[PDB]
Amino acid sequence: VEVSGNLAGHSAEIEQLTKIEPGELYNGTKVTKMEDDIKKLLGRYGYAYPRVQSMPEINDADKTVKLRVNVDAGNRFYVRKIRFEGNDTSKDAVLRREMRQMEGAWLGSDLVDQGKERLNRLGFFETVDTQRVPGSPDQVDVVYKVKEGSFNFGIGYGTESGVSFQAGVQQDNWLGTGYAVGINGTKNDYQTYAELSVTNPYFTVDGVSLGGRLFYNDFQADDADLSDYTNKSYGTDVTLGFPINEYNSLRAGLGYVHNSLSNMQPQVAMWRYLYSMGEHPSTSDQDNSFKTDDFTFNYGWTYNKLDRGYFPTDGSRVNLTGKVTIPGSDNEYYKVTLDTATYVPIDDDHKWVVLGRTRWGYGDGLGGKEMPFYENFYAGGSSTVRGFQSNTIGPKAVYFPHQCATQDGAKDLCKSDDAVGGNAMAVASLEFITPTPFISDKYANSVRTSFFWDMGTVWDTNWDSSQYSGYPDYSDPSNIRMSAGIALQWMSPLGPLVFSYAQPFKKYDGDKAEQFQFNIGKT
Amino acid sequence: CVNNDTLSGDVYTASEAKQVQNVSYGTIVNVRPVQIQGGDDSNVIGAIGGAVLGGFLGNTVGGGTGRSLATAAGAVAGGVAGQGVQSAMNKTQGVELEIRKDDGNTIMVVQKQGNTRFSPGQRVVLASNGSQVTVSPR
Amino acid sequence: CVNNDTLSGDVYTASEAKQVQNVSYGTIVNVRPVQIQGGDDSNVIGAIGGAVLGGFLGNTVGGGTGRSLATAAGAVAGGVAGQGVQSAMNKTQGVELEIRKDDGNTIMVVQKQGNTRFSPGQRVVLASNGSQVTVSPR
Amino acid sequence: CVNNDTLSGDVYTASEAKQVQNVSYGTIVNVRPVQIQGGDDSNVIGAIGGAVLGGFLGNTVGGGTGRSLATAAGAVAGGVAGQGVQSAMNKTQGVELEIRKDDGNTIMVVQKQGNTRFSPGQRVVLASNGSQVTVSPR
Amino acid sequence: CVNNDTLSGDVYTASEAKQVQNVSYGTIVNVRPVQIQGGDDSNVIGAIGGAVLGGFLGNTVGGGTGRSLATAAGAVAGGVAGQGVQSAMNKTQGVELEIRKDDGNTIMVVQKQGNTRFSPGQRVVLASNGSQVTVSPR
Amino acid sequence: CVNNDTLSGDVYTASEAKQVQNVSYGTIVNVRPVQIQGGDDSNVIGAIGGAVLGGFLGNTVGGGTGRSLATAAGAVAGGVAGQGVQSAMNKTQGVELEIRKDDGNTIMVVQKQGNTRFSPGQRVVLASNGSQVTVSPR
Amino acid sequence: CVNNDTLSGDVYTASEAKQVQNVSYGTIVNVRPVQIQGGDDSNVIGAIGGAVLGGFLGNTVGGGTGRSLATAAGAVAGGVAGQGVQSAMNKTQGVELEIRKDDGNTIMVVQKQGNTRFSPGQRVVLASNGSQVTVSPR
Ligand SMILES: CC/C=C/CCCCCCC[C@@H](O)CC(=O)N[C@H]1[C@@H](OP(=O)(O)O)O[C@H](CO[C@@H]2O[C@H](CO[C@]3(C(=O)O)C[C@@H](O)[C@@H](O)[C@@H]([C@H](O)CO)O3)[C@@H](OP(=O)(O)O)[C@H](OC(=O)C[C@@H](CCC/C=C/CCCCCC)OC(=O)CCCCCCCCCCCCC)[C@H]2NC(=O)C[C@@H](C/C=C/CCCCCCCC)OC(=O)CCCCCCCCCCC)[C@@H](O)[C@@H]1OC(=O)C[C@H](O)C/C=C/CCCCCCCC
Ligand SMILES: CC/C=C/CCCCCCC[C@@H](O)CC(=O)N[C@H]1[C@@H](OP(=O)(O)O)O[C@H](CO[C@@H]2O[C@H](CO[C@]3(C(=O)O)C[C@@H](O)[C@@H](O)[C@@H]([C@H](O)CO)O3)[C@@H](OP(=O)(O)O)[C@H](OC(=O)C[C@@H](CCC/C=C/CCCCCC)OC(=O)CCCCCCCCCCCCC)[C@H]2NC(=O)C[C@@H](C/C=C/CCCCCCCC)OC(=O)CCCCCCCCCCC)[C@@H](O)[C@@H]1OC(=O)C[C@H](O)C/C=C/CCCCCCCC
Ligand SMILES: CC/C=C\CCCCCCC[C@@H](O)CC(=O)N[C@H]1[C@@H](OP(=O)(O)O)O[C@H](CO[C@@H]2O[C@H](CO[C@]3(C(=O)O)C[C@@H](O)[C@@H](O)[C@@H]([C@H](O)CO)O3)[C@@H](OP(=O)(O)O)[C@H](OC(=O)C[C@@H](CCC/C=C/CCCCCC)OC(=O)CCCCCCCCCCCCC)[C@H]2NC(=O)C[C@@H](C/C=C/CCCCCCCC)OC(=O)CCCCCCCCCCC)[C@@H](O)[C@@H]1OC(=O)C[C@H](O)C/C=C/CCCCCCCC
Ligand SMILES: CCCCCCCCCCCCCCCC(=O)OC[C@H](COP(=O)(O)O)OC(=O)CCCCCCCCCCCCCCC
Ligand SMILES: CCCCCCCCCCCCCCCC(=O)OC[C@H](COP(=O)(O)O)OC(=O)CCCCCCCCCCCCCCC
Ligand SMILES: *C(=O)CCCCCCCCCCCCCCC
Ligand SMILES: *C(=O)CCCCCCCCCCCCCCC
Ligand SMILES: *C(=O)CCCCCCCCCCCCCCC
Ligand SMILES: *C(=O)CCCCCCCCCCCCCCC
Ligand SMILES: *C(=O)CCCCCCCCCCCCCCC
Ligand SMILES: *C(=O)CCCCCCCCCCCCCCC
């Protein structure tokens, strides 16, 4: 080595911070690092500009390289003002933390080089650009510059609801203040969702996030293979949200829902519920309007670890959510939904992938009253447990003789096999992802496939078998439903695609099946 | 309510306590009174606060479709009046001062109205910072 | 409640303990009393606490539609009073100090009032950091 | 219960064990007592921990609508008390030490109170690192 | 049926229209006929179109398990015969030409057989581009 | 069906047409027969194709669990035999040629056996490209 | 059965036909026989084909719970034997040849044994590529 210049106190530490072993040949990395262990440090001596540049005498005859490290130190310059122009929403506060020299401190260009870049990960700048006090040679600034509502239309097709539309306007900057306002609208066989939504991501300067949701879920049952009941429901929820980890979050809020239960196909499973609340209309005729207004408190949690957003095969994803009313509304209940996700890659080459998503739920009515039936859990279908028709798993209802009708001589509980759902849900599925063959091996690493063994068990936690002999006890703890098969998912300029074929191997009588299902657009 | 009550020389924010401020001296000329706006321009919270109160005061006239009309006209009227009253809650009296530093210059600075009444010709001390200045009278 | 109790010379935060702070000496002139505001601008959380309490207090008047108006008027009034009372929980008496460093200068610093009652003419030991200054008397 | 139990001259964290730290010597002047704050300003946990406990306490009084109002007044009262007791349980007794290094300087450093009772004039050693300094006696 | 129809000197692709191409001259020797293979190495679409047609033909025979066997041997026999026919609809007649450019050299280039019947000894005009060369006759 | 058919001197791919190829000359020695193996390392297409067809041939025996045994033993034996036949239709005859360029050198190249018959001692017109070569006989 | 068949001097990959191969000459010393491995170290395909055929071979014994034990022990035993037998279907004979080029050097290269039998002291015609070498005897 050699030192030629004023280091202000690193003159001897060259062989300790910037050392190599003699005999090592001319390197552009392990000799430049000798330059670059004192090129960044010197902003810890208040020195603003640490300059290290070393130009050896490249000697070839008997091959020694005599390094000559001209290090001249900077000087002690300070942090007066941080100035952003053109942007009416970005703050001088968060755009200080995402840089690494606070206001009122010894300042340097080279040790603010740890700050300028991360400011762009806000997701709203196109560029993130980067002063001695104007005409005064001691105090100094750090400055930046920034360069800164699109419709969207969705049309899909499918098996669970066939046709499917989306259309809504998003504008993630309300007049220059960072509020995220977004609208959405979806229509298909059973529900039509037309929602407005707002958010302020920084309620507190430190991260608290407040969203107020105005939704409307004009739903319908018969087209969705269930039994008969119609729902036009409107409600509004508001939730807080505060970051805690960047691997976590948390939320809490107050949620008011209002439902119009009507047009019910008389049947025991819901007619237990009507009594306990206090409504007993005619037991075989369908002109009845049960109205609920539920206020309900809600909360959640989250976790993210995946490395790649698109076609992810790493990390671990989690979710929790619960809910409970105050005991001062119409129906009183609570609800607990847990979610999981895990993409385990076994080696760096990343062709073997392991995935399995566990989900749990449970609900109950508190003071002896019952969970509303439209809030139950449904299992079986394409998106959760492939092979069995959508919703088809869940202890079936029992139609009354209504107008099972008295024209044919119906005078009892006509046993039915129609899916209704349930209140305790548990779905596991272990999936074992494998390479993509049969296409050119140049690009045979894209179109994903997997073999899967999906289970699903919803039951009525309060269903009776004292009173129903000829029927089984529909609360069996191990009435599992496994299935297997295949399916191919990928990207193409016509949206998200997948095609499937899954054989239902295990099931019980009364459990329908659906071997084949597809997805284009959205499901 | 935006809290623009710290724009005075008789209160301070928590970000300018326990820091070091240089002190200059000056004589004062041309005092004149000025109003001072403050905070948001979008006035989002006044909009919602006036809108819900103009909506739930719409459910109280007429019935049927004649009520569905009132519960929207009242909503929009309340939404506008919300901004019209919130942005009139940030208006604040203030003063604006031109001063000659004994360095030899002339600068002028605007400030919340306080208790002490400035005079055309006095002595003031300029608490300086990273371009933030307060003018105490003495 | 925002903890506006670290702005004194008799309290330190955890990020300024076990660190090296320089020392300088000074003579003091011209102390005057000043109030100190602090925290956010919007009384961030007290607004929600005021709004919910003012909302639930709305159900306790009237019935039918005439209740549902009160359950909103109370929400807006409680929301306003929330901010209006959170800020008044953050004012604090304080002082503004002139000190002549023995180097030959003058600076001012502002600081939460404590127990010691300063005087125009006394000695103080200016603790410095990366541009953070505390003042102690002795 | 934030663990600011590492801020003494008699406890070290895990991250600074089995590492080389320089030694500088010095004598001491002007010990005085000082309190130490440690934690956050938002106190996002004490608020919830007081909120649920103050909320469930509402469900014990009244009935009908009278209950559903007390179960919110209690909730916000518990919310206030949660921060009011969490951030008053992070206070710690501590000391503020002036020391004159033999190198010729004077610096200030502040530490949690332990067992040893320092004196104004004593030999104490500065186990120094990259801007963290602990003052042990002798 | 992927398009090997732009490989002639009597057809151009629209990517290379309204552009400037350099021109050289040449004398021709030793024409001889040569086929051309085009398209992909795998023929992924000749499989699927040949698979399902071979599949649904299986369903026409037998019943029970015996049908389920025939509806599969039909699938892969249809799968092979698919790739066996797509790759045969691209075999296209063509020629390769030795040419002695008037610069004094020799190069050779191969083109889809067209309307003009070349001869061993003639005059040609090479259109040149970024390593795309068409040999028009005259 | 892996398409190793473009390995002759009488077939060109659709990428190596209408591009300039340099011409060199040579004499020929040491022709000997060689086998060309073309395609993938895995044979992961006829492996499934034999697997499915070998599976459905399993359901056709036994009864009950003894059936469900055979409907898998048939699969992997059907699966394994799939590769064993697919890799037997990628074998292609071909030749190895030691050509002396008149530059004064020697190189060797192998090709799929075509219709012309190379001999030890003859004249060949080596056609060259970006490290791709064919050997037409004349 | 990963296609490790192209490691002879009598079979070429399709990836290196119609490419230029340099020729070097040399004499030969110390031929000795060696075995060649090929494929994977983990043998994933043999694992499945052992696991399923060890599982469905468990179902043939017992009933109740002791059925559910054997029908997994058989699966794991089949999984072991799968990797066990796949990696014994790749052990292939081969030779190791040290050869002295006319340059004046020595190298050794390893090949799959074919039909021709090398000798201790002979002439072999090296074909060289981007670090691929083959040995033909003459
Ligand atoms: C080539 C040219 C062209 C030819 C192509 C033709 C192909 C298509 C065939 C067309 C016609 C077909 O329909 C014929 C037929 O299936 N005909 C069949 C048909 O009748 P029909 O069609 O109507 O006429 O169906 C009937 C069904 O029979 C039985 O049904 C019961 C339930 O069904 C019932 C009931 O009774 O309840 C019937 C009725 O009641 C009704 O209601 C139903 C109801 O619907 C629901 O159940 O229920 C089952 O009990 P369960 O459910 O509780 O289990 C029972 O399972 C059982 O029986 C359980 C069995 C299963 C285990 C047997 C062997 C396992 C290996 C063990 C050691 C390994 C060696 C190291 O276990 C046993 O049977 C116990 C046997 C003990 C002795 C075994 C020897 C092993 C050791 C030897 C050591 C030697 C050392 C050198 C089952 N046996 C059965 O279904 C049958 C079972 C019996 C065993 C026979 C001996 C085989 C030994 C040779 C192997 C030696 C290995 C070295 O046979 C089979 O599962 C086929 C075996 C498949 C091969 C798998 C092996 C390959 C693995 C590869 C490993 C690398 C059979 O009688 C007929 O078979 C018969 O008529 C037999 C026939 O005439 C001749 C003999 C055949 C045997 C060889 C087949 C191999 C082919 C391989 C293909 C890839
Ligand atoms: C070359 C070899 C190739 C093989 C195949 C080729 C040919 C074969 C084809 C046809 C023949 C075959 O079909 C015969 C048959 O199946 N015959 C059987 C068949 O009838 P069919 O043929 O259809 O007519 O099925 C019937 C089922 O029988 C019983 O049914 C009960 C319920 O049935 C009932 C009811 O009452 O509820 C009534 C019934 O009528 C019906 O209604 C059912 C109804 O459907 C539902 O309930 O219910 C179950 O009770 P449950 O519900 O509560 O569970 C019970 O299991 C029970 O009760 C619970 C059982 C299970 C305990 C297993 C744990 C042992 C640990 C081993 C480690 C050693 C040291 C630590 O436990 C017991 O039974 C207690 C026994 C104690 C001894 C166990 C062995 C340990 C020895 C070592 C100890 C250490 C000291 C040295 C079950 N026993 C049972 O199903 C059987 C149980 C008994 C133990 C076997 C003793 C010797 C085995 C030697 C092996 C290793 C030793 C070194 O065995 C088994 O489960 C299989 C055991 C597998 C062990 C594998 C170990 C891993 C290997 C990995 C290698 C690396 C039996 O009648 C027949 O067996 C009997 O009539 C009695 C007979 O004697 C036992 C049967 C033989 C099994 C051994 C073979 C396994 C080898 C591995 C295969 C890959
Ligand atoms: C240019 C175009 C050319 C042609 C293409 C399109 C033409 C369309 C014309 C339409 C006419 C149609 O109406 C004909 C028809 O099938 N019509 C059928 C229809 O009546 P309709 O007229 O339509 O009204 O339905 C009737 C019902 O069929 C029967 O149904 C049963 C169940 O259903 C039943 C019951 O419980 O019994 C009865 C029913 O009444 C009803 O009650 C149902 C009820 O719904 C609930 O189940 O239940 C099955 O039992 P299960 O399912 O429970 O097990 C049973 O098969 C069974 O139980 C088991 C079966 C299966 C035996 C497996 C042997 C395969 C060969 C392997 C050899 C190599 C080994 C290494 O076996 C049998 O049935 C008996 C077999 C005897 C011989 C077995 C050993 C052979 C060894 C050969 C070796 C050669 C070596 C050189 C099944 N038999 C049956 O369905 C029939 C069975 C008979 C065997 C034929 C010879 C096999 C060899 C083939 C080629 C030779 C190679 C050298 O065959 C078949 O299923 C077709 C099987 C496909 C074979 C594919 C081979 C793979 C290789 C392909 C190469 C590319 C059939 O009788 C009629 O067939 C008949 O009237 C018989 C008639 O003559 C026709 C026979 C067809 C064969 C030719 C082509 C097949 C190749 C496929 C190519 C894509
Ligand atoms: C900024 C401008 C925004 C304008 C949007 C105003 C929307 C008004 C829609 C009217 C709804 C009628 C519903 C069906 C009629 C019926 O019989 O409705 C009946 C039921 C209950 O009353 P009954 O007891 O009579 O059934 O519902 C209602 O009455 C709903 C409450 C109506 C009042 C809400 C006030 C508007 C919402 C808050 C403003 C949001 C602005 C946010 C801007 C960013
Ligand atoms: C190149 C490899 C392709 C491998 C795919 C082959 C699968 C063969 C499917 C056989 C289905 C039999 C199941 C039960 C029989 C039955 O009762 O079948 C009867 C029923 C329909 O009759 P009903 O109207 O009576 O229900 O179901 C079917 O017939 C299912 C469809 C059969 C034809 C589909 C053609 C094969 C699959 C498509 C090819 C995709 C290419 C993929 C390339 C990678
Ligand atoms: C800070 O000041 C927050 C203010 C939040 C909104 C306050 C607006 C008061 C409500 C005005 C209602 C007027 C109704 C007009 C109907 C025509
Ligand atoms: C830190 O100080 C947090 C304080 C949170 C709010 C405390 C004050 C409660 C709001 C006052 C409610 C007054 C109701 C009057 C109705 C007209
Ligand atoms: C470390 O301290 C973790 C924070 C835990 C929060 C502590 C909350 C204290 C509970 C006080 C509740 C007072 C109830 C008053 C109701 C009137
Ligand atoms: C351009 O050529 C596009 C290719 C599209 C696929 C071609 C489909 C042909 C399938 C023919 C199947 C014949 C089966 C006859 C039974 C033996
Ligand atoms: C291109 O050629 C595509 C691959 C062709 C796959 C052909 C599969 C042949 C299957 C033969 C079945 C023999 C199984 C015998 C098991 C007892
Ligand atoms: C290329 O060779 C791929 C081969 C795929 C695996 C085939 C190996 C057969 C596995 C036999 C399993 C033995 C069963 C033992 C049961 C107790």
# chains A, B, ... in the order shown; residues from 1 in each chain; ligands from 1

call {"tool": "interface_residues", "arguments": {"of": "chain E", "to": "chain A", "cutoff": "9 Å", "atoms": "only C-alpha atoms", "output": "PyMOL selection string"}}
result
chain E and resi 40-44

call {"tool": "residues_near_ligand", "arguments": {"ligand": "ligand 1", "cutoff": "6 Å", "atoms": "only C-alpha atoms and all ligand atoms", "output": "PyMOL selection string"}}
result
(chain F and resi 58+60-67+69-70+73-74) or (chain G and resi 60)

call {"tool": "closest_atom_pairs", "arguments": {"of": "chain E", "to": "ligand 10", "cutoff": "12 Å", "atoms": "only C-alpha atoms and all ligand atoms", "output": "Markdown table"}}
result
| residue | atom | partner | partner_atom_place_in_ligand_line | distance |
| --- | --- | --- | --- | --- |
| E:41 | CA | ligand 10 | 1 (C) | 11.0 |
| E:42 | CA | ligand 10 | 1 (C) | 8.7 |
| E:43 | CA | ligand 10 | 1 (C) | 10.0 |
| E:44 | CA | ligand 10 | 3 (C) | 10.7 |
| E:46 | CA | ligand 10 | 3 (C) | 11.2 |
| E:47 | CA | ligand 10 | 3 (C) | 9.0 |
| E:51 | CA | ligand 10 | 3 (C) | 11.6 |
| E:72 | CA | ligand 10 | 10 (C) | 11.5 |
| E:73 | CA | ligand 10 | 10 (C) | 9.1 |
| E:74 | CA | ligand 10 | 8 (C) | 11.8 |
| E:75 | CA | ligand 10 | 7 (C) | 10.8 |
| E:76 | CA | ligand 10 | 7 (C) | 7.0 |
| E:77 | CA | ligand 10 | 7 (C) | 7.7 |
| E:78 | CA | ligand 10 | 5 (C) | 10.4 |
| E:79 | CA | ligand 10 | 3 (C) | 7.6 |
| E:80 | CA | ligand 10 | 3 (C) | 5.5 |
| E:81 | CA | ligand 10 | 2 (O) | 8.8 |
| E:82 | CA | ligand 10 | 1 (C) | 9.5 |
| E:83 | CA | ligand 10 | 1 (C) | 7.3 |
| E:84 | CA | ligand 10 | 2 (O) | 8.1 |
| E:85 | CA | ligand 10 | 1 (C) | 11.7 |
| E:87 | CA | ligand 10 | 1 (C) | 11.5 |

call {"tool": "closest_residue", "arguments": {"among": "E:96, E:10, E:16, E:5", "to": "residue E:31", "atoms": "only C-alpha atoms"}}
result
E:96

call {"tool": "interface_residues", "arguments": {"of": "chain G", "to": "chain F", "cutoff": "6 Å", "atoms": "only C-alpha atoms", "output": "list in words"}}
result
residues 2, 3, 10, 11, 12, 13, 14, 17, 18, 19, 21, 22, 23 and 56 of chain G

call {"tool": "write_last_selection", "arguments": {"atoms": "N, CA, C and O atoms", "output": "PDB file, in the first residue's frame"}}
result
ATOM      1  N   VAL G   2     -32.521 -41.304 -17.372  1.00  0.00           N
ATOM      2  CA  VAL G   2     -31.916 -40.115 -17.959  1.00  0.00           C
ATOM      3  C   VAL G   2     -30.917 -40.524 -19.027  1.00  0.00           C
ATOM      4  O   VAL G   2     -30.065 -41.394 -18.808  1.00  0.00           O
ATOM      5  N   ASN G   3     -31.015 -39.886 -20.194  1.00  0.00           N
ATOM      6  CA  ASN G   3     -30.354 -40.354 -21.412  1.00  0.00           C
ATOM      7  C   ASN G   3     -28.862 -40.044 -21.330  1.00  0.00           C
ATOM      8  O   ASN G   3     -28.352 -39.077 -21.901  1.00  0.00           O
ATOM      9  N   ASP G  10     -19.297 -43.321 -30.403  1.00  0.00           N
ATOM     10  CA  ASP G  10     -20.103 -43.911 -31.459  1.00  0.00           C
ATOM     11  C   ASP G  10     -21.506 -43.327 -31.495  1.00  0.00           C
ATOM     12  O   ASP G  10     -22.356 -43.830 -32.232  1.00  0.00           O
ATOM     13  N   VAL G  11     -21.775 -42.296 -30.701  1.00  0.00           N
ATOM     14  CA  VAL G  11     -23.092 -41.676 -30.617  1.00  0.00           C
ATOM     15  C   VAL G  11     -22.895 -40.212 -30.271  1.00  0.00           C
ATOM     16  O   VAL G  11     -22.185 -39.890 -29.317  1.00  0.00           O
ATOM     17  N   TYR G  12     -23.526 -39.321 -31.024  1.00  0.00           N
ATOM     18  CA  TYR G  12     -23.378 -37.891 -30.808  1.00  0.00           C
ATOM     19  C   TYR G  12     -24.704 -37.273 -30.402  1.00  0.00           C
ATOM     20  O   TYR G  12     -25.768 -37.706 -30.847  1.00  0.00           O
ATOM     21  N   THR G  13     -24.639 -36.242 -29.569  1.00  0.00           N
ATOM     22  CA  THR G  13     -25.818 -35.422 -29.358  1.00  0.00           C
ATOM     23  C   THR G  13     -26.179 -34.735 -30.660  1.00  0.00           C
ATOM     24  O   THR G  13     -25.323 -34.467 -31.499  1.00  0.00           O
ATOM     25  N   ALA G  14     -27.460 -34.436 -30.828  1.00  0.00           N
ATOM     26  CA  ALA G  14     -27.831 -33.621 -31.969  1.00  0.00           C
ATOM     27  C   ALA G  14     -27.335 -32.195 -31.835  1.00  0.00           C
ATOM     28  O   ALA G  14     -27.388 -31.446 -32.812  1.00  0.00           O
ATOM     29  N   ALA G  17     -23.888 -31.787 -34.202  1.00  0.00           N
ATOM     30  CA  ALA G  17     -23.763 -32.171 -35.596  1.00  0.00           C
ATOM     31  C   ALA G  17     -23.878 -30.922 -36.452  1.00  0.00           C
ATOM     32  O   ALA G  17     -24.543 -29.957 -36.076  1.00  0.00           O
ATOM     33  N   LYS G  18     -23.205 -30.939 -37.598  1.00  0.00           N
ATOM     34  CA  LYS G  18     -23.069 -29.754 -38.443  1.00  0.00           C
ATOM     35  C   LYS G  18     -22.393 -28.614 -37.686  1.00  0.00           C
ATOM     36  O   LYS G  18     -22.885 -27.488 -37.648  1.00  0.00           O
ATOM     37  N   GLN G  19     -21.253 -28.918 -37.067  1.00  0.00           N
ATOM     38  CA  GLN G  19     -20.406 -27.917 -36.436  1.00  0.00           C
ATOM     39  C   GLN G  19     -18.954 -28.289 -36.690  1.00  0.00           C
ATOM     40  O   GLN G  19     -18.644 -29.428 -37.040  1.00  0.00           O
ATOM     41  N   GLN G  21     -15.148 -29.179 -36.068  1.00  0.00           N
ATOM     42  CA  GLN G  21     -14.395 -29.896 -35.052  1.00  0.00           C
ATOM     43  C   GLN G  21     -12.953 -30.045 -35.505  1.00  0.00           C
ATOM     44  O   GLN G  21     -12.688 -30.649 -36.548  1.00  0.00           O
ATOM     45  N   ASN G  22     -12.026 -29.506 -34.716  1.00  0.00           N
ATOM     46  CA  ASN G  22     -10.614 -29.551 -35.049  1.00  0.00           C
ATOM     47  C   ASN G  22     -10.080 -30.967 -34.897  1.00  0.00           C
ATOM     48  O   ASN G  22     -10.649 -31.795 -34.192  1.00  0.00           O
ATOM     49  N   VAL G  23      -8.967 -31.243 -35.563  1.00  0.00           N
ATOM     50  CA  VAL G  23      -8.371 -32.570 -35.562  1.00  0.00           C
ATOM     51  C   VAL G  23      -6.951 -32.485 -35.038  1.00  0.00           C
ATOM     52  O   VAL G  23      -6.152 -31.680 -35.524  1.00  0.00           O
ATOM     53  N   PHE G  56     -49.638 -49.103  -2.542  1.00  0.00           N
ATOM     54  CA  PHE G  56     -50.698 -50.002  -2.960  1.00  0.00           C
ATOM     55  C   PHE G  56     -50.356 -51.462  -2.731  1.00  0.00           C
ATOM     56  O   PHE G  56     -51.244 -52.307  -2.842  1.00  0.00           O
TER      57      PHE G  56
END

call {"tool": "closest_residue", "arguments": {"among": "E:59, E:86, E:15, E:122", "to": "ligand 5", "atoms": "only C-alpha atoms and all ligand atoms"}}
result
E:59

call {"tool": "residues_around", "arguments": {"residues": "residue D:123", "least_positions_apart": "3", "cutoff": "6 Å", "atoms": "only C-alpha atoms", "output": "list in words"}}
result
residues 26, 27 and 138 of chain D

call {"tool": "select_by_dssp", "arguments": {"residues": "chain B", "states": "strand (DSSP E)", "output": "PyMOL selection string"}}
result
chain B and resi 21-36+92-101+107-112+123-127+134-137

call {"tool": "select_by_dssp", "arguments": {"residues": "stretch 3-110 of chain C", "states": "helix (DSSP H, G or I)", "output": "PyMOL selection string"}}
result
chain C and resi 14-16+46-56+64-89

call {"tool": "residues_around", "arguments": {"residues": "residue A:114", "least_positions_apart": "2", "cutoff": "7 Å", "atoms": "only C-alpha atoms", "output": "ChimeraX atom specification"}}
result
/A:99-100,111-112,116

call {"tool": "residues_around", "arguments": {"residues": "residue D:24", "least_positions_apart": "3", "cutoff": "10 Å", "atoms": "only C-alpha atoms", "output": "ChimeraX atom specification"}}
result
/D:21,101-103,124-128

call {"tool": "write_last_selection", "arguments": {"atoms": "C-alpha atoms", "output": "PDB file, in the first residue's frame"}}
result
ATOM      1  CA  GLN D  21     -13.399  -1.651  22.785  1.00  0.00           C
ATOM      2  CA  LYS D 101     -10.598  13.100  30.030  1.00  0.00           C
ATOM      3  CA  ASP D 102      -6.873  13.124  30.681  1.00  0.00           C
ATOM      4  CA  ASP D 103      -6.487  13.785  26.956  1.00  0.00           C
ATOM      5  CA  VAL D 124     -13.307   6.540  35.970  1.00  0.00           C
ATOM      6  CA  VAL D 125     -12.602   4.738  32.717  1.00  0.00           C
ATOM      7  CA  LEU D 126     -14.426   5.130  29.408  1.00  0.00           C
ATOM      8  CA  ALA D 127     -14.966   1.851  27.609  1.00  0.00           C
ATOM      9  CA  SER D 128     -15.392   3.427  24.208  1.00  0.00           C
TER      10      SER D 128
END

call {"tool": "atom_distance", "arguments": {"atom1": "atom CA of residue A:133", "atom2": "atom CA of residue A:83"}}
result
12.4 Å

call {"tool": "atom_distance", "arguments": {"atom1": "atom 86 (C, counted along the ligand's line) of ligand 3", "atom2": "atom CA of residue E:50"}}
result
25.9 Å
